[PDB]
Each structure stands twice: as structure tokens, then as C-alpha cells.
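Here is the structure we will look at, set down as C-alpha cells.
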Amino acid sequence: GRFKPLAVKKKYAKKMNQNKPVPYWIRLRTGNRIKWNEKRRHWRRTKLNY
Amino acid sequence: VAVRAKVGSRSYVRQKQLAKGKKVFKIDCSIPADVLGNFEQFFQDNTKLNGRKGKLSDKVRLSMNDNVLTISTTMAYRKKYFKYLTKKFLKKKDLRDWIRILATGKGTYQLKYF
Amino acid sequence: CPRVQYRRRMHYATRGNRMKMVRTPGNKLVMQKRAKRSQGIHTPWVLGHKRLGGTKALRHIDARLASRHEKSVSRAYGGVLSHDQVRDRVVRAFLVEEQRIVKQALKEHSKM
Amino acid sequence: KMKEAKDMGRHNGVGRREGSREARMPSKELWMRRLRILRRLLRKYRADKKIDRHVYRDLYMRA
RNA sequence: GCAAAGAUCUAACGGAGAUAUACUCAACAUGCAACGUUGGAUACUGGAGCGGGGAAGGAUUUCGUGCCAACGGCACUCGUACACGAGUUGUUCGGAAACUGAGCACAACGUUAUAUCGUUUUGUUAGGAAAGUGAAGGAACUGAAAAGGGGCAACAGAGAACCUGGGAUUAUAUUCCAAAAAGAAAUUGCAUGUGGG
RNA sequence: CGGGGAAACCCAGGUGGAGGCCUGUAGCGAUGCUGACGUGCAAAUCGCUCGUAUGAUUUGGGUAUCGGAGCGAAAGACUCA
RNA sequence: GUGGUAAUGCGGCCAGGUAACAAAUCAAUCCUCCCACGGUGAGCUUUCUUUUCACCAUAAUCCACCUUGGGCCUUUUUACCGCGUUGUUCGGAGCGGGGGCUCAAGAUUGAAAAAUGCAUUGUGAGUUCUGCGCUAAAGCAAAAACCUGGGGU
RNA sequence: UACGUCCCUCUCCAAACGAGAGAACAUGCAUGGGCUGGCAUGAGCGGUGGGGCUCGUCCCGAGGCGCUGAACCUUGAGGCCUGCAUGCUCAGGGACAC
RNA sequence: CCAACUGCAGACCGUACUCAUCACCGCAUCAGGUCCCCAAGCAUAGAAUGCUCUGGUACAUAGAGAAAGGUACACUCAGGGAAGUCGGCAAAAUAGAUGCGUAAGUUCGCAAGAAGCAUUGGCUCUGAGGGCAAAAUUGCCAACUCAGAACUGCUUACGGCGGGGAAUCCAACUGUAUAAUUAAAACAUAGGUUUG
Ligand SMILES: [K+]
Ligand SMILES: [Mg+2]
Ligand SMILES: [Mg+2]
Ligand SMILES: [Mg+2]
Ligand SMILES: [Mg+2]
Ligand SMILES: [Mg+2]
Ligand SMILES: [Mg+2]
Ligand SMILES: [Mg+2]
Ligand SMILES: [Mg+2]
Ligand SMILES: [Mg+2]
Ligand SMILES: [Mg+2]
Ligand SMILES: [Mg+2]
Ligand SMILES: [Mg+2]
Ligand SMILES: [Mg+2]
Ligand SMILES: [Mg+2]
Ligand SMILES: [Mg+2]
Ligand SMILES: [Mg+2]
Ligand SMILES: [Mg+2]
Ligand SMILES: [Mg+2]
Ligand SMILES: [Mg+2]
Ligand SMILES: [Mg+2]
Ligand SMILES: [Mg+2]
Ligand SMILES: [Mg+2]
Ligand SMILES: [Mg+2]
Ligand code: NA
Ligand code: NA
Ligand code: NA
Ligand code: NA
Ligand code: NA
Ligand code: NA
Ligand code: NA
Ligand code: NA
Ligand code: NA
Ligand code: NA
């Protein structure tokens, strides 16, 4: 609801920033191995719980 | 409430009367402007007085002048009544479209176009 | 008919969260908080605990910001005791002191 | 329409009553109404000096 | 097998989702089924509601524009899905600053091979010297009087100075609005004039 | 408050609103159908019927007592399927 | 500091008070619903319907100053009788009548405020805060913060 | 190649689905009329009614009487009559046989 | 020194959305579970039950459609009426309100809604029950309830709503209690006694 501590709010903000896909030129770099993010999170599948 | 009612008393309905000073209503038919005779006949034949339609005696008088129908009475009426009767007449003569009634003054109705 | 909601972020019907229904100039029905009241200035509890005459029942900030007349009276012990209690104390003081003086004088006159 | 009929007393018979007599018209309300009427009348008579205090007190007790 | 919670019909727009033929052939007998929005019709919930707000829990699911591979156990032109871009405004609202409660246990002391143990609100630490500044007088210093150490524990108890209107958003509002503050108040700290003293 | 009686007391009409009182919603439970389901809607649920519903009542948050230990209107019940 | 016979107007330390506390009964204001009068808009209209539906709003904060419910003052003194509640009671420890002081809750007049909002002003029922002052071998949390007085300064 | 058979379409003595009995411009289908049956006297209008209201009249009133064995329904999972009346059909289409 | 006036200043964190037949827990968008506030009209005793204005919704795969056999929160049945079965299991059955009437037993409180009999619609009328404004008199007005009468009708016709009686065993009573096969006669209880 409305109440949360500022420390918890900042942790949630960091997670929101991390939840993004890989930019396209990373795949064009030389010797590249990354295709998908593979650390994507969905609010309905896995819970952070903090 | 103070006196119990009876069913047979619905035969006579007594309309309340003013203390003094006849009230006057006016209906304007300039914008729609023959028909005035029909309208006046309809009003004098349909207006109710104390219960009965048509025979209104002399407690209510009507007149048409300068495209304006006038009603003078010493009997307590409602301005809404002569809007209801006019809507009735317009429906019967099949012109409820493109014509409407609007209050203009404190005691006057006015016809208009849509 | 219309239905209302809480507006001050506390949603429980306790003795401190009392509300009233108000119709505004804009033709809507809202909820406004009802202020808490006070019982007023009283006589001491062991002496009867009666509400004192000439004093007003004011809450915290009102009592702080009001003037002295509202909470006291010009007599002695104004705003603490009532008129009958003051009269009884005056009479008791005088009579007890007189009895004490008489007894001590009698003792000294017997001694001398 | 039905309310005017019921004001004339038309649909309130034995076969239409469904709740108890006290549920429909409680007896405590009737008693309070009657006793207040009687006390008001007695006070008015005493004020208008039709009866005296001696008669008033006896009537007040019997009411 | 996909049967609890009664139920949908119609026209016009939209869309690749059609009125999709080898010909003969007027047409039916050779392109079925299903989708969104708007209008109309018919029903359901029935104020202990498939109504409008909050706590715990969740943490961007909110909003707009697109998209329709996978997922929404049938379907989709639609989505709490996917992509991009945005959104949360306070002297007074809730908390803290600043109360105490059932309670907890830092210091001190004691005990234990071992503190990672015990006592610690029935006024109340500890064999126990736990007070650090008012007024002062002749700008700061100096030191009289005050038994019983420090702290936490209630977003429903105590406490707590603000209300309406808005043509003000795509999404926030007792939080935004500008000199005619749309406006009208209340309260706190420090200063300045007036009056009284 | 009315009537009776020598007296002790007796007969009657109102007012009032008591109780681990009664019928009955919400709530808190779970008797029967030995119903339905029994590769379920569900690792205990559904329907009707049933117990109680001012009290030894129901419920939110905070706090306190655990592994040969805790807690128990006592069934070897319960202590994160 | 200062008026009134009075109830009571007005300009360190110590003792009390507010915070601060159950049930039932009965009865206000606010709000909701209904009815009666009007005004404005829309619906029905083969026939009937002086008709059916919707709307008619007033925040906080402030001035000035009538009701009804408690407590009290002064005057004239109550013969076991009087007062009073729906209800279980009050009186020489001061009933009732006359005149007053005060408290709580409302009403009214006005400033705000039409400059706003939308396209009137009267009855009856129901519900809160409020008042009616304060089961039991069960008997109604505390503190901060604040208020008044007694003294000295 | 021919004879023909099956599907699509229509009917119901058959029928879970297949299979069956039939028709294939045919009173075949549709609507209406008449019959046979069911219920029980329609909407509307009008001069007996316990009572009541206003000026011998004029009105409010449950019910009753008349028009009125009226009104409505009657083949549809499928009653009758063309040895009763009209309307629609306008080269039936496809696959096998091959 | 005291008040108002006036000037300037008024810091920190929360604030989107949800709160559930899709946003939380149950492996899931699961017929299970989850605290608080506001709460309209009519019938009616009514927060029972049925229907409706405002707000919300047409989402839970659909179409055609007479097999047997099933499930149901769906019904009827001639004559008989428990003969069925371990056993009236299951179903039926009683039913609101008002008047009259009510046994044995008993801790005098109850048993008791004991049992049982009667009435009830519609319409048109009559009587009783009050207030404030000037007298045991005049006007004006509100709100509903009860009782009595004439006329008239029934196909006994929404929903909702106890079947009753005579006995025996056990436990005095209200309560608790094996979450997921046992709700009892078990446990508790007031009362009684003993011990330190
Ligand atoms: K320790
Ligand atoms: Mg299958
Ligand atoms: Mg299926
Ligand atoms: Mg199934
Ligand atoms: Mg419905
Ligand atoms: Mg209900
Ligand atoms: Mg799918
Ligand atoms: Mg979208
Ligand atoms: Mg996403
Ligand atoms: Mg609080
Ligand atoms: Mg605050
Ligand atoms: Mg929003
Ligand atoms: Mg019971
Ligand atoms: Mg055992
Ligand atoms: Mg009460
Ligand atoms: Mg057959
Ligand atoms: Mg909610
Ligand atoms: Mg669910
Ligand atoms: Mg209801
Ligand atoms: Mg039979
Ligand atoms: Mg028999
Ligand atoms: Mg046998
Ligand atoms: Mg049975
Ligand atoms: Mg028992
Ligand atoms: Na959290
Ligand atoms: Na009684
Ligand atoms: Na269904
Ligand atoms: Na403590
Ligand atoms: Na604290
Ligand atoms: Na009980
Ligand atoms: Na079973
Ligand atoms: Na099965
Ligand atoms: Na919000
Ligand atoms: Na069990």
C-alpha cells in the first residue's frame, strides 16, 4: 500500500531499472555470447518479497 | 388526515382561489406565423374547471391578439398546465417536431423552432 | 442515493475518528471530522467531583489560547473549589484557631 | 393510489396482518403517549386554576 | 474430457481475416467459421452488490501510442502479455521530531572452563561517589539547590494549526491554480512599529 | 393503583425490562443424506439439511511460553500440508 | 487590577483539574427517505391522465444576541403533605412561587457569498455524534502536554 | 460409352451416429378457408348495484346484465378436407460407373 | 514588560495502481481462505426472502439436437398406506397472525406454540384513539392503528414459515472436544470431601 521505507523503495527502484532487454549492438560485437537477458523478472511469476 | 376521506367525494373537486388579483398567462405564436382559431377552440374546450372539461363558465377568459393567446383567471392554476395542454394540441395536430415551448418571462410561454 | 468515503487516511470508527455528513456549495456530500470534546473544570474527586460554575470546558489549544476569565473566578481558590467549600473552610479556620487559643490560655493560667 | 386507499383503510385486515400485534404497534409507545397526554392536561388545568394542588396530586397519582 | 455462478440478438463502420470457382451458369445446391468500436433491443448484479475508498501482501500491474511470434487450457483486429514513451507536487493529510502500555534488555554487578547466561516498573539500575547549570557578581567563565543510569516498544490507545470552487491531467490532487493568487482562514519562530505600562 | 381484613396478611390491574432464557439474519461451527466428486473446482471442496447466535461469545494488530521441550474445558489433541 | 447583597462581570516549591475511559431507557441537531405547495427542463399522448420523471446547492473561520436541559443565588417559608419522570425519587442538610447568575447543546442576524455551483419552503419516519452526570466473589488503563490556584519572589 | 447408383435438397411408418421407408415440378411446400376438438363468454361501449358526493337531475362505486357458446388456440417429433382457395418452382447441381 | 498589528521564513519521508470469481496465500487468471468504512425504492416484523432507479456487467469454449444410462440446488401420479428396510433412510407432512382452550409431572420457575377448535379476500361505510389558536365553546390542522356493519367473490391459488403424542436407558443444565472416517454416555461445571 502507501507505506514503505525509503531503503525498500530504493531497492525496488534498482530492480525496476534492471528489468530491461539487451541492446541490439551488443549482439554485433566481436566474440559475443549474449543473446537474451536471462535475468528478466515478471511480477506474476517470481516475487522479490521486500 | 383530520377527517377521513370518502370515495363518493371524488365527484366534486374544489379548486383553490386567489385572495385578489387575476393572474395572466401569455403564449406567443409569432415565430410559427388560420390556426389561431383552432388553438383557441382547443384551449376553451379542453381546459378543466373544478373537474369538468369544456364548460368553463366565465371564471376563465381567452383572447387572441397579435399572434399572442392570452388567458386571464381568478382561479389558482399552474403555469405548467398550459404547457401540458399546448403539447397535447401539438401532438394531436402532428407538429411535435420542429416546434418547442420555452418560458421567456415570469408568466409567458413562447413557441420556437428546433 | 449517494455514498461517502474517508478523506484523512484513517479508516476506523473509533471514539477519536468521528465524522459528520456535509453538503457543499457544489452540491456534493462529503465527510468532515468531528472534534473531540472535554468534560470541563471540576471540583476535586474526593470532594464530589462537581462541575464548577463560571468556567468553560475547553480543549488543549483553546485552553492555552483563551483568557483567564474563562477558566477562573475572582473569589479565592477560583477555579479550584466552589463557593460553599470556600465558606466552609473560612468558618472552620476561624473557629479552630479560637478553640486553640482558648485551650492554650487556660493551660497557661492553670500553670501560673 | 394504494396509499390513498389504505388511508381510507382498505388492505389491513386479519388475512393481511403478518407480524405480531406488538411488532405492528408497540404497547410501550401507546402507554407513553397516553400518560404524557394526561400529564399535560393536568398541568394545564392547575395553571388555569380549575383545580387546586390537593386535587391535582391525587389525580396525578391515579393517572 | 473442456457441463456451478441463467443470455444474448440486430444494423452500420473497421480489418488481410472476403461476396476468394476451371468454365457453363442469375442467384441456393462450390470460402466456412470466428473478432473490435458505435447505435438500438433484451436480460443480469440488486446497497451483506461482478458499486466507491483503505490496512496486510504485491511493486509499475497505472497511462498513451503501437503490435499480435509465444502466453490469456476455445478465439481475438483485444489484453494485468510484448515494445517504446510517460506519470506520484503538502507549514496544516499519515509517520518521525515528542507520550505511555502488555513488554524488551544496553550499562553496572554477579555467575560460568566458556557470555552467545541472569537480574533489570510491586517506584524503578548498581557495595551504590551515575545531577555539569538558574540566578550570578565584579563576556565569557565560576558554582548553589535538585535520592533512585541510558534507551526502545501503538500508521486502530493518547496527541495532531485547512476549508470550499476550478473549463485543473492521457494518468496526481483537502498536495496543482498567481496579483482581482478562485479564494477565505488557522498556527509556529524571530524581528519592527503603535498603544498600554 | 383497586378490593377484602380486627391484625398478620390475601385477591386483582398496570408500569419496568432481568436471564451462561426461546424463534431467527450476519458471524462462529459441522448432524444426516453413509448425496455429489473421488486421475476433483479442491493433497478435505460443493449442495441441501442441521447446532448456536448477550456470552465460559466472535474477531484485527501488538506481546509472552518450544523440542525429551511448550501448550492443552484432556482427543496422546496442536506446535507452518 | 477592578464592579456586583450574592450566584459571579470585566480589563523554585506545593495542591488540584483536563487528557481519562461501562450498559440500558428516552429525546434534539446533522444527514437520508417520504408528503404538500410553487418554478425550470424532459417523457407519454388511438383513448385517458390540472399527468410521470429529474433539478431547485451553501465549506471552514468569524460577529451580535431566543429556546430547553443541568447547577446555583436572593426574597416569601413547606404541617406530611407537596414536586417530578416512560422508568426504579426528591424535600427545614431548604419543596413550591417572584426576580436573577452560570454552564452545555441548538436557533436567529450579519461578514465570507455570488463574484460561486446547476440548467422553494413547509410537514412526517429513520439514523448517527450529543444529552439525559457520572451482570458483578466482573466495579471502567497510564503518561507526556496543558490549565487554575496557594505562597514567596 | 450406356444402364444406373450415391451425395446435396425435401418427407417421417425409421432413427444415438450410420442404416431404414419414401418423393424427386409432386396438393411437394407455404399461407388462408372449412371441419374436428380445447377453454369458458374477449376488447370496447351502454341503460341493475351495498353505499356516498354535489345542485327532480349530475357524478364516485366492487360486483352484475346485454352485444357474446364470444375471444383465442388447433400439427408443430410432423389431426382431417383439393374424387376447399390461392402463392412459389422456370434446363435441379456434384461424384462415381469409366 | 503586555497585547494585538506589520515584515520575513515555515525543514524531512510516504503519496501511481490493486485490495480480489484475474493484481495477495494455495505449483495457476484455482467454486478454498483473507481485517475496516458508506449502503436507495416497494412488499413485509424485517440487513429474512422476491422484484426495481443510480453505479456496474453480458466474462467464465461454442453449434446441432428426443438413444440407453446418469446428476439435479426439478416436478406429478389411480387403489392401498410402512406390507419396503438392520432401522420411516429419503421424501411427504405441519406452518403467518388473531380469538377461545390446554394433561400427567414438578426443584413452583415450568411442562406450553402441550394437545385441540374457529376466523382471514375485495368493495362501500360507521365508531374510538390528538395538537394549537382565541372555555363543559368556536374555528384550523396532522398521523396512522384498532373495532363493528352491509354488499360481493374463490379454481383454497407468490414468497417465507414448528408435524404431534406415550414411554425406557445415560448425562443434571448453557459450554468444550480427535484441522482430514469417532460430537458421545467422554472432558468441564456449580455443589461435596480430604491433604499440606
Ligand atoms: K545480558
Ligand atoms: Mg469427445
Ligand atoms: Mg462441453
Ligand atoms: Mg465435468
Ligand atoms: Mg434481478
Ligand atoms: Mg439478504
Ligand atoms: Mg488459447
Ligand atoms: Mg492498449
Ligand atoms: Mg510488461
Ligand atoms: Mg491514533
Ligand atoms: Mg499530521
Ligand atoms: Mg486515479
Ligand atoms: Mg437458540
Ligand atoms: Mg487412548
Ligand atoms: Mg437505551
Ligand atoms: Mg417414429
Ligand atoms: Mg474493498
Ligand atoms: Mg479464487
Ligand atoms: Mg431486504
Ligand atoms: Mg399413489
Ligand atoms: Mg391412513
Ligand atoms: Mg421383509
Ligand atoms: Mg429424516
Ligand atoms: Mg450433556
Ligand atoms: Na512489502
Ligand atoms: Na410491557
Ligand atoms: Na453455465
Ligand atoms: Na513497562
Ligand atoms: Na516511542
Ligand atoms: Na441464549
Ligand atoms: Na459420501
Ligand atoms: Na466418477
Ligand atoms: Na490514490
Ligand atoms: Na474427525
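Chains as they are written, first to last, in the working numbering: chain G, 72 to 121; chain P, 2 to 115; chain Z, -10 to 101; chain H, 627 to 689.
Cβ coordinates follow ideal geometry from the N, Cα and C atoms, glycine included.
In whole angstroms, give me the CA-to-CA distance for residue i and residue j.
i: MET101(Z); j: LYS92(Z); result: 15 angstroms
i: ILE30(Z); j: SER99(Z); result: 51 angstroms
i: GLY67(Z); j: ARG89(Z); result: 29 angstroms
i: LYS80(P); j: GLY108(P); result: 7 angstroms
i: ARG100(G); j: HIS0(Z); result: 58 angstroms
i: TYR85(P); j: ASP29(P); result: 15 angstroms
i: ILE72(P); j: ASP59(P); result: 12 angstroms
i: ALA52(Z); j: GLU648(H); result: 51 angstroms
i: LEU119(G); j: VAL(-7)(Z); result: 36 angstroms
i: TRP114(G); j: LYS86(G); result: 11 angstroms
i: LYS627(H); j: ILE102(P); result: 31 angstroms
i: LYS25(Z); j: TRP34(Z); result: 23 angstroms
i: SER71(Z); j: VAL85(Z); result: 21 angstroms
i: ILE50(Z); j: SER56(Z); result: 12 angstroms
Would you say the beta carbon of residue i is closer than 7 angstroms to some non-hydrogen atom of ligand 25?
i: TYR121(G); result: yes
In the DSSP output, what is residue i paired with across the bridge?
i: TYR110(P); result: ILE28(P) and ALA104(P)
i: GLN18(P); result: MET76(P)
i: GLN21(Z); result: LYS9(Z)
i: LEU50(P); result: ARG53(P)
i: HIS31(Z); result: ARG40(Z)
For a quick check, are the C-beta atoms of residue i and residue j less than 8 angstroms apart?
i: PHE26(P); j: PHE90(P); result: no
i: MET20(Z); j: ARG(-4)(Z); result: yes
i: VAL61(P); j: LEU70(P); result: no
i: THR75(P); j: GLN18(P); result: yes
i: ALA20(P); j: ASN68(P); result: no
i: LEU661(H); j: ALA689(H); result: yes
i: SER27(Z); j: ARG48(Z); result: yes
i: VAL79(Z); j: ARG64(Z); result: no
i: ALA104(P); j: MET634(H); result: no
i: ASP46(P); j: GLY38(P); result: no
i: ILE677(H); j: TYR671(H); result: yes
i: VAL93(G); j: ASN103(G); result: no
i: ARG642(H); j: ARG650(H); result: no
i: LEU668(H); j: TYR682(H); result: yes
Which same chain residues end up closer than 7 angstroms to residue i when comparing Cβ atoms and leaving out the 5 residues on each side of it in sequence?
i: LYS82(G); result: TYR121
i: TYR114(P); result: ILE32, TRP99 and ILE100
i: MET8(Z); result: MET20, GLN21, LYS22 and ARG23
Compute every distance between the C-beta of residue i and the non-hydrogen atoms of ligand 26, then say whether any falls below 7 angstroms.
i: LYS654(H); result: yes
So, at 6 angstroms on beta carbons, what are the nonlocal neighbours of residue i in its own chain, with the 5 sequence-adjacent residues on each side left out?
i: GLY52(P); result: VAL14
i: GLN89(G); result: none
i: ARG112(G); result: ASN90
For residue i, which residues in the same chain have their Cβ closer than 8 angstroms to its Cβ, ignoring the five residues on either side in sequence?
i: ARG97(P); result: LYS88 and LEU91
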